[PDB]
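Spelled out, the chains give:
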Amino acid sequence: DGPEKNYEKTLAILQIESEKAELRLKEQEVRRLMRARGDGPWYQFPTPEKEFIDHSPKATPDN
Amino acid sequence: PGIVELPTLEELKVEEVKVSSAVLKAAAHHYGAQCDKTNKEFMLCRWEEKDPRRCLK
């Protein structure tokens, strides 16, 4: 086919690999920041549920 | 932390009933039917405001 086909294919391959490397580094930094301070969707450790707290009036008023 | 506030002996003084439990239980039904408005006002304030220091009146 000629040298231009291999040239442009190499450029496309390099762009794909560079974007993948950038995204991998971004993923590492995002995971580290989330686990350091959990504020995104990931590393959300559980907590006792609100929906099983009895809010009805008790036998004792001081509750 | 903060200083807990609580009323004094002068505002905790009241004319106590000084009446035994048996006579209280003998008069329980008519006492519960005569002034249930006052008792239910006290229970409503006691269960709404959990603080006993704001239901003394």
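Residues numbered from 1 in each chain as written, not as in the entry; some residues may be left out. Chains lettered and ligands numbered in written order. Part of a larger assembly, values for the part shown. Heavy atoms only, no water.

**Q** I'm lost on the overall build of chain B in this one. Help?
**A** Scanning chain B from N- to C-terminus turns up 4 helices and 0 strands. Along the chain direction, N to C, the helices and strands of chain B fall in the order α-α-α-α. Its C-alpha radius of gyration of 15 Å places chain B more than 25% over the 10 Å reference for a compact globule of 57 residues. Over its C-alpha atoms, taken along the principal directions, chain B stretches across nearly 45 × 25 × 15 Å. The proportion of buried residues among the 57 residues of chain B is 7%. When the accessible surface of chain B is totalled, it reaches about 5,600 Å², and 62% of it is carbon and sulfur. (Helix = DSSP H or I, 4+ residues; strand = E, 2+ residues; numbered from the N terminus. Rg over C-alpha atoms; globule rule 2.2 N^0.38 Å. Buried < 20%, exposed > 50% of the residue type's maximum accessible area, 1.4 Å probe, protein only. Areas by Shrake-Rupley, 256 points an atom, 1.4 Å probe, with all protein chains shown as cover.)

**Q** Sorry if this is basic, but what is going on with the state of the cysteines here?
**A** Two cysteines whose sulfur atoms are joined by a covalent bond form what is called a disulfide. All names here are of chain B. Counted according to the given criterion, the structure contains 1 disulfide over all chains. Disulfide pairing is shown between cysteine 45 and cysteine 55; the S-S distance is 2.0 Å. Here the residue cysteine 45 occupies a position in helix α4 (residues 36-48), and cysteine 55 occupies one in the segment after α4, the gap between them amounting to 10 residues. The pair formed by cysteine 45 and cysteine 55 is uniform in burial state, with each residue classed as buried. No disulfide involves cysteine 35; its sulfur sits 16 Å from the nearest other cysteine sulfur, which is in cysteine 45. Classification of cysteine 35 by relative accessible area gives partly exposed; the value is 37%. (Disulfide = S-S within 2.5 Å.)

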